[PDB]
Structure formats: C-alpha cells, structure tokens
Amino acid sequence: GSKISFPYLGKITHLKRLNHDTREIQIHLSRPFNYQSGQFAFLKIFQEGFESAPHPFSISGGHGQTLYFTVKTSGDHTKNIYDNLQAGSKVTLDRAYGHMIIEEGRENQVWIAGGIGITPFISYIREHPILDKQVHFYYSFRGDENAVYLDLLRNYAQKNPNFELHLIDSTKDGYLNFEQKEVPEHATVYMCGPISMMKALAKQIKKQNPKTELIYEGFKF
Ligand SMILES: Cc1cc2nc3c(=O)[nH]c(=O)nc-3n(C[C@H](O)[C@H](O)[C@H](O)COP(=O)(O)OP(=O)(O)OC[C@H]3O[C@@H](n4cnc5c(N)ncnc54)[C@H](O)[C@@H]3O)c2cc1C
Ligand SMILES: [Cl-]
C-alpha cells in the first residue's frame with residue numbers, strides 16, 4: 001500500500017454507434033493516463049439510470065488525456081451503454097491492466113480477433129500510424145453487420161504494406177481454423193475474442209506450430 005492512488009476522473013465527450021450493437025465511447029480524463037495497446041481498464045459510469053459498478057473493457061485508442069472504448073451489447077449494462085449513455089457524463093477509471101502488450105512482442109506478429117476482440121488491436125493501429133512490426137491480422141466476425149472499423153483497417157493496409165489483413169465472415173466460411181495455417185517461425189501470436197474461440201485456436205496453434213509464443217485474453221459475449 002506504498003502508493004496513494006486516485007481514480008482517473010473523466011467526462012464522456014463523443015459516442016458513435018459503429019453498428020447495430022457496438023458503440024464507441026471517447027473520454028477526456030483530468031490527467032494523463034498510462035497504458036499500452038492490448039491492455040484493458042475498469043470503467044465506472046455516473047449517469048442517472050446507469051449502474052456505477054466497474055466493468056472491464058479493452059482500451060481501443062487514445063493517448064494522454066484521451067481514452068477510447070468500444071462496447072458491444074451483451075447484457076443490460078452494455079445495452080444501456082448502446083442505448084442511453086450520454087456525452088457529459090462523468091466517469092472514472094482505476095488504471096490499466098492485462099498482460100497483452102503488443103509492443104513487447106517479436107518483430108513478427110500474428111493477430112487474431114473474434115468480434116469485439118478487435119478492440120485491443122484498434123488501440124495499436126490508432127497509436128502506431130506508421131507500423132514498425134510485421135503483422136498478419138485475422139478478423140473474424142459473424143456476418144458483415146458484426147464487423148466494425150473496416151474503413152480504418154483498409155486505410156491502415158493502404159498506409160502500411162507490412163500490414164496484412166484477412167477478413168473472415170464466420171457465417172460464410174465457418175469458425176476460423178488454424179490447422180492448415182502456418183505461422184512465421186519467430187512470430188508472436190496475439191489473440192482476443194470469445195473464450196470458446198481462444199481455447200479452440202490455442203489448441204490448434206500449439207499442436208501445428210508448438211514452438212510459437214501465444215498470448216490471449218478471452219471473454220464471454
Ligand atoms: C479483459 C477484458 C476485456 C474486455 N473488453 C471488452 C471490450 O473492449 N468491449 C466489450 O464490449 N466488452 C469487453 N469485455 C466484456 C465485458 O467486460 C462484459 O461483457 C460486460 O462488462 C458485461 O456487462 P453487462 O452487464 O452488459 O453483461 P451482464 O448483463 O452482466 O451479463 C453478461 C453475460 O452473461 C449472460 N447473463 C446475463 N444475465 C444473466 C443471468 N441472470 N443468468 C445467466 N446468465 C446471464 C448474458 O448472456 C451476457 O452475455 C471484456 C472483458 C474482459 C474480461
Ligand atoms: Cl464463448
């Protein structure tokens with residue numbers, strides 16, 4: 001307990017409904033905030049009609065006094081977020097958490113995202129406009145209407161040729177599968193999506209390419 005730490009006080013400045021069920025929150029904080037792309041944080045909302053309990057969400061962009069989250073409806077709080085959350089509202093955050101720093105991974109990196117699991121990588125893309133690493137990125141989503149940030153990703157491919165982008169619509173091709181997929185020899189694979197999808201892909205990637213490093217963060221929708 002050798003540090004006195006105060007929560008990060010914030011105001012919500014902008015919101016955008018990216019699709020039918022996912023909403024992007026832009027926050028201004030009272031003082032600069034440390035994180036590294038791939039970490040999450042615990043957000044507490046103070047608006048009439050909202051529970052103020054802390055929910056974790058992956059940080060999906062920002063530096064300094066700007067922080068972004070992208071929320072997919074999955075239950076009542078998130079549904080309330082999509083529907084009713086309002087610019088002006090006060091929020092606090094404790095601090096960054098997680099062991100998924102994309103910076104610290106190898107030169108070579110494979111990225112796998114299922115659904116709203118793309119958020120941590122949007123973080124990376126947003127804060128590294130020119131890309132240093134070598135990236136194969138697999139974005140899996142259930143139907144075009146569950147994809148987000150498409151334009152941002154395509155713009156990023158155009159600016160960064162060392163950025164290689166695969167869009168899988170799982171309803172077209174079936175769940176992503178890495179059995180007959182090879183992996184760069186000295187690569188780090190990062191993954192984020194439904195827990196069910198993580199565990200299945202971990203299995204497939206530790207067996208085919210058992211020499212690969214693999215960091216993931218699951219959740220349930
Ligand atoms: C590290 C991490 C990062 C994350 N990042 C993100 C992110 O970037 N974006 C994002 O949208 N989410 C993210 N999540 C998930 C998010 O934290 C939760 O999904 C969210 O806080 C749930 O809030 P809720 O009240 O809407 O869900 P709840 O209503 O609490 O329920 C959650 C789930 O449980 C089920 N459920 C609800 N009520 C009941 C009941 N009475 N009985 C049985 N089952 C029930 C629902 O089907 C629902 O899907 C992350 C989670 C983790 C752990
Ligand atoms: Cl799951």
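All values below were derived from every heavy atom in this structure, side-chain atoms included, with hydrogens, water molecules and symmetry-related copies excluded. Along the sequence shown, residues are numbered consecutively beginning with 1. Counting convention: from 1, in listed order, for ligands and their atoms alike.
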Would you please indicate if the ring centroids of [X] and [Y] are separated by under 6.0 Å?
X    : Y    : value
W111 : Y139 : no
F69  : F40  : no
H166 : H136 : no
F121 : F137 : yes

Atom indices of ligand 1 within 4.0 angstrom of [X] heavy atoms, with elements:
X    : result
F221 : 49 (O)
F219 : 51 (C)
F40  : 1 (C)
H77  : 24 (P), 25 (O), 26 (O)
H55  : 20 (C), 21 (O), 22 (C), 23 (O), 25 (O)

If a pair satisfies side-chain hydrogen bond (donor to acceptor under 3.5 Å, both in side chains) and one of its residues is in residues 6-19, list it, with sequence neighbours excluded.
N19-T22
Are any non-hydrogen protein atoms located under 4.0 Å from [atom]?
atom                    : answer
atom 32 (C) of ligand 1 : no
atom 35 (C) of ligand 1 : no
atom 44 (N) of ligand 1 : no
atom 49 (O) of ligand 1 : yes
atom 40 (C) of ligand 1 : no

Polar contacts were defined as any N/O atom of the residue lying under 3.5 Å from an N/O atom of the ligand; does this apply to [X] and ligand 1?
X   : value
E51 : no
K79 : no
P56 : yes
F57 : no

Heavy-atom nearest option to [atom], drawn from [options]:
atom                    : options              : value
atom 9 (N) of ligand 1  : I25, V71, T119, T70  : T70
atom 46 (C) of ligand 1 : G75, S74, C192       : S74
atom 29 (O) of ligand 1 : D76, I195, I116, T78 : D76

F69, portion touching ligand 1 at heavy-atom distance under 4.0 Å
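It is neither part, as no heavy atom is under 4.0 Å.
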Under 6.0 Å from the ring centre and within 45 degrees of the ring axis: does the NZ or CZ of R31 meet both conditions for the six-membered ring of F33?
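No - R31 does not lie over the ring of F33 by the 6.0 Å and 45° rule.
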What donor-acceptor contacts under 3.5 angstrom involve side-chain atoms of residues 180-188, with partners at least two apart or in another chain?
residue	atom	partner	partner atom	Å
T188	OG1	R106	N	3.2
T188	OG1	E213	OE1	3.4

